[PDB]
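Data block below; observations after.
Each ligand, and each atom within it, is numbered from 1 in the order the structure gives. Sequence positions, counted from 1, serve as the residue numbers for this chain.
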Amino acid sequence: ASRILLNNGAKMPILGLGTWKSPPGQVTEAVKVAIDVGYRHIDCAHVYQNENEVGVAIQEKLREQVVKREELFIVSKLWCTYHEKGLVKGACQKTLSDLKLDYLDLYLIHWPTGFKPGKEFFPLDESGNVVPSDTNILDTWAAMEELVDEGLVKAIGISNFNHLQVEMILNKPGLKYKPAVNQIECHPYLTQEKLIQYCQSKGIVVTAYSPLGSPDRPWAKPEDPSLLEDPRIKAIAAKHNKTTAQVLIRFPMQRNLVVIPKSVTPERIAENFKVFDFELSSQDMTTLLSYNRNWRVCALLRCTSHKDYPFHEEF
Ligand SMILES: NC(=O)c1ccc[n+]([C@@H]2O[C@H](COP(=O)([O-])OP(=O)(O)OC[C@H]3O[C@@H](n4cnc5c(N)ncnc54)[C@H](OP(=O)(O)O)[C@@H]3O)[C@@H](O)[C@H]2O)c1
Ligand SMILES: O=C(O)Cc1nn(Cc2nc3cc(C(F)(F)F)ccc3s2)c(=O)c2ccccc12
């Protein structure tokens, strides 16, 4: 099926379009094409600095009556320099105004770590360490709950939270809404069995990011593994008469995950949605799972000293 039921009683499309690194002069086209081609979920964030252009696309397709707003599932994230209680609603409203929406279907705390507020997204000290904010995840979550109670967002969630930080929220005193989603990195080199089982056992839907290994990540290094070029993954693809990306997108779908491949290439945007007509076998799934290397696209090492840095813990 195309959607998964969230614990807020809404349905989330299991395939969405990613927008991190999508250039502001190509992302309007990319989102139009995606909607034309069937996508109903767009993954956004203020920190991606292109929400305005994404919004233009959404608006035009609504205007054109290609889609209705209820059919869309639009997701954004609160950036780290806005975890202070007084900053969350305006952060959300900026996103709404940029995307030209009057509500978000899902709004996530982008990272468990709060940073010092200001103009700077990664405020640094004279040793290039990120400057923390004294906020904690629990008060931040309480501020996300108010957005639900004010009608600005239909559901709230988390991203890059480890199982202990998920547990902190579920066990938060006076918790009012549980997280609907945990959005984490997940692909055959970072399979996440443990964190995924934890979350699903609690009725928290997991969204897999960087499902293709983020080949356009800005810090790519030569000896880094490459999913797209992995001969073993290519062989499974060939066996199924599909592309490697198709296998890499279909792979988290069969784990009951949501997946958001990024592309600005219209041929790829199309290709990437054509993943509902074939099935990986259990052997394929276990074989893909066997490629785990605990390799992360996204683990910015200048945050390692943050108290809430999520990746020291095993899972
Ligand atoms: N929560 C967070 O912390 C977080 C972190 C990272 C990512 N995310 C989200 O997850 C989305 C996906 O992750 P990602 O952007 O890191 O990377 P990704 O989706 O794994 O890979 C995107 C790269 O793959 C290429 N590509 C797309 N389809 C392809 C295909 N069929 N064949 C060959 N290459 C293809 C794209 O090229 P072109 O664009 O040139 O076609 C781009 O260079 C992001 O865009 C963002 O929405 C969230
Ligand atoms: O975030 C995006 O979606 C993609 C993303 N990932 N990363 C790697 C990161 N690693 C982190 C680690 C922590 C930490 F929690 F661990 F402290 C906190 C924050 C980050 S950002 C980036 O540095 C980044 C920079 C600009 C725009 C998007 C991103």
Are any of the N/O atoms in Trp111 less than 3.5 Å from those in ligand 2?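 Checking ligand 2 against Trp111, an N or O pair does fall under 3.5 Å apart.
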Polar atom proximity, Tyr48 to ligand 2 (N or O, under 3.5 Å):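 In this structure, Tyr48 places an N or O atom under 3.5 Å from an N or O of ligand 2.
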Are the side chain of [X] and the backbone of [Y] linked by a donor-acceptor contact shorter than 3.5 Å?
X	Y	answer
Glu51	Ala45	yes
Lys77	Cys44	yes
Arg69	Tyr103	yes
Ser127	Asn129	no
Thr81	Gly118	no

Does [X] approach ligand 2 within less than 4.0 angstrom via side chain, backbone, both or neither, non-hydrogen atoms only?
X	value
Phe311	neither
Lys77	neither
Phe161	neither
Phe122	side chain

May I ask you to identify the nearest protein heavy atom to [atom], giving residue, atom name and distance to one decimal place in Å?
atom	answer
atom 3 (O) of ligand 1	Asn160 ND2, 2.9 Å
atom 28 (N) of ligand 1	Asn272 ND2, 3.0 Å
atom 9 (C) of ligand 2	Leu300 CB, 3.4 Å
atom 8 (C) of ligand 2	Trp219 CH2, 3.8 Å
atom 26 (N) of ligand 1	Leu212 CD1, 3.6 Å
atom 32 (N) of ligand 1	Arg268 NE, 3.7 Å
atom 45 (O) of ligand 1	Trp20 N, 2.9 Å
atom 17 (F) of ligand 2	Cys303 CB, 3.0 Å
atom 28 (C) of ligand 2	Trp20 NE1, 3.1 Å
atom 6 (C) of ligand 1	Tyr209 CD1, 3.3 Å
atom 15 (O) of ligand 1	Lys21 NZ, 2.8 Å
atom 47 (O) of ligand 1	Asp43 OD2, 2.7 Å

Are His110 and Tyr82 close enough that their ring centers fall under 6.0 Å?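 Judged by ring-centre distance (under 6.0 Å), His110 and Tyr82 do not meet the cut-off.
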May I ask you to identify, for [X], whether its side chain, its backbone, both or neither come under 4.0 Å of ligand 1 on a heavy-atom basis?
X	value
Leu108	neither
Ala45	neither
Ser210	both
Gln246	neither
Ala245	side chain
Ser214	both

Non-hydrogen atoms of [X] and [Y] that approach each other most closely:
X	Y	value
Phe73	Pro13	CB-CD, 3.4 Å
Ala34	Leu17	CB-CD2, 3.9 Å
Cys199	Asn182	SG-OD1, 3.7 Å

Taking the cut-offs as 6.0 angstrom to the six-membered ring centre and 45 degrees off its axis, would you call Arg255 and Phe251 a cation-pi pair?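 Yes, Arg255 sits over the ring of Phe251.
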Any idea which atoms of ligand 2 are less than 4.0 Å away from a heavy-atom of [X]?
X	answer
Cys298	6 (N)
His110	1 (O), 2 (C), 3 (O)
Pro310	14 (C), 15 (F), 16 (F)

Measuring from non-hydrogen atoms of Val297 to any atom of ligand 1, is the shortest distance under 4.0 Å?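 False for this residue.
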With the threshold set at under 4.0 angstrom, would you say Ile260 reaches ligand 1 through any of its heavy atoms?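 So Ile260 counts as touching ligand 1.
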Are a donor atom and an acceptor atom from the side chains of [X] and [Y] found within less than 3.5 Å of each other?
X	Y	answer
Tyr39	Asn272	no
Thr287	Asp284	no
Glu185	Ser210	no

Heteroatom distance test (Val264, ligand 1): nitrogen or oxygen, under 3.5 angstrom: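 Among all N and O atoms of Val264, at least one is under 3.5 Å from an N or O of ligand 1.
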Can you find an N/O atom of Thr265 closer than 3.5 Å to an N/O atom of ligand 1?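 Looking only at distances, the answer is yes, because the N/O contact criterion of under 3.5 Å is met.
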Considering only heavy atoms of [X], which atoms of ligand 1 have at least one such atom less than 4.0 Å away?
X	result
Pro261	19 (O)
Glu271	31 (N)
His110	1 (N), 2 (C), 3 (O)

Do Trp141 and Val148 belong together in a cluster built from hydrophobic side chains that touch within less than 4.5 Å?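 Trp141 and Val148: one cluster.
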Using the side-chain contact (heavy atoms from CB on, under 4.5 Å) definition, which of the options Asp43, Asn160, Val258 pairs with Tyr209?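 Exactly one pass, corresponding to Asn160.
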Name the one of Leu289, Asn294, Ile184, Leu257 that satisfies side-chain contact (heavy atoms from CB on, under 4.5 Å) with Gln192?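 The passing option is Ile184.
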For the residue pair [X] and [Y], categorise the inter-ring angle as parallel (less than 30°), tilted (30 to 60°) or perpendicular (more than 60°).
X	Y	answer
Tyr309	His312	tilted
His163	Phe315	parallel
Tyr189	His187	perpendicular

Nearest neighbour of atom 39 (O) of ligand 1 from the list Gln26, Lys262, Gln183, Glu185, on a heavy-atom basis: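 Checking each option, the heavy atom nearest atom 39 (O) of ligand 1 is found in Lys262.
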